[PDB]
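As structure tokens, one chain now follows by itself in the form deposited in one PDB entry.
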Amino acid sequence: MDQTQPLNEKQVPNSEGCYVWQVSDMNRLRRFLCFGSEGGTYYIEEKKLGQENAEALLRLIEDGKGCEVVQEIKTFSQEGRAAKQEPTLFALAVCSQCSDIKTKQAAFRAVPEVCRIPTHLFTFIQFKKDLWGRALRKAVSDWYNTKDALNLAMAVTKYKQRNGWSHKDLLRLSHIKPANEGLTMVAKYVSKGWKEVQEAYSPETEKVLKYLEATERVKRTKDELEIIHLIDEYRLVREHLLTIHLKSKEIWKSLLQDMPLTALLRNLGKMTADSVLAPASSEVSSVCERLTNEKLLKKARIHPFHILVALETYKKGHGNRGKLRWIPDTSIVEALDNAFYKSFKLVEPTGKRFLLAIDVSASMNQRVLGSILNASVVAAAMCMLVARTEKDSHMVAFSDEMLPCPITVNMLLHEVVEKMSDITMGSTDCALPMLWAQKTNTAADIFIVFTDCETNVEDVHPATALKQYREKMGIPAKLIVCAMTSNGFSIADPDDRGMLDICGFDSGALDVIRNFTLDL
């Protein structure tokens, strides 16, 4: 009996013909929220991946899980555990339509806590289209009227329109009625324009006009000094400036001052190139100190993935799609690579013995989140995270055989990246870890395997490998399968309480692994 055969009825065949279990729908929801379905997986095409995921979603609703889904969606977004928003917003959209009315009413109810910025809403509304009314009109209206005039003003000027949707269309389609003078002004500004509003017009309301005026002013003035001035006075950001100003060193030195974190993160390369982040500079020193402030990273909801993508591209001196070059600053590379570990919800060590196994087979070459990072690299990063928290941990890599582990606990993130480079390839034997462990008489209480569960060699089933391990070593060893995709497969036996299914790249992954290690 090997992986080519089913252990029991419950099991189903992979994408390779070998047998595994089907991840619980709830768990697949999490996989989906974190990885989405762009580019699909190594075996499943993008389109069918989304279809497989859409099916599981509806299945949950069918089964009553309607409100648990929204609650989970609501929680992942607020806690910022998912790199990108599309999957969450698409999920909240499907729920916003499902048969259940409990779920639907819960979906629109959570819209303002999930759609924090215009883009989020625009993407939500567009999804509803790919799939107005009382609920919709109400939800959109509440999004604006519950805000503070002065805040809405920034929101609507920072994000005038995204993906084909403007606040002008939303305001009109929802037939909103400004809850106060401040909001009517902003609304009039949006639908009718500055002139109309300027022509039509409290201390609080004046503040709102002032601002709107500022935003209009920084687009007519030729004087750079005045631009810089307004930026200082009204905290105007990049989106507020005419793109011709974005070539001025002094504009950015003024823009960097209190630049939001994602903005700062996505423009590290450009600022270095324009000498705004010159070597040894105060500015650079400032940047590093901000990127490594866990609280602000947390406040700005900087996901570790975004850090990884920026680090990879930043040290490359040049972009992937971009077309500018810069001498990568070593202080920044050390600050980003440091920030990576602070972006995850950190936890107190348990002290247990962990065996961390990275699936490095050919399939792990598959690209994640439509980025330039592959599952191999991401799995290794997640691995480094768990290894720097629980010191008693031995890392190992595998494909269809045990391979010398290319990385170490003391390596900087970009060294672990290129090392996974030279080694990703081969077939998949997901039982090797447990098997290796027994053979080297290596003790462990927890096994964490970072895989896509597409095991395919004629060797015993990983679940079988774990049992043989328990019996042989006399340890109740548990097994945590950290998923690297949104496929619906798992080498984890649902009937074994010592086997858990978690998602890779959930900034909250650390807490789940802990709760499980500690029998919670």
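Basically, rigid core = biggest C-alpha set you can superpose within 1.5 Å across the two forms. Residue numbers here begin at 1 and follow the sequence given.
The following text describes the form deposited in another entry, which does not appear among the structures shown.
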Query raised in the report: Upon rigid core superposition, which of the listed residues (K160, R353, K345, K253) is displaced by 2 angstroms or more at its Cα between this form and the one not shown?
Result: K160
Requested in this report: Determine whether the C-alpha of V378 shifts by 2 Å or more between this form and the one not shown once the rigid core is superposed.
Outcome: no
Query raised in the report: For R290, is the C-alpha shift between this form and the one not shown 2 Å or more after core superposition?
Result: no
Query raised in the report: Superposing on the rigid core, is the CA of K74 displaced by 2 Å or more between this form and the one not shown?
Result: no
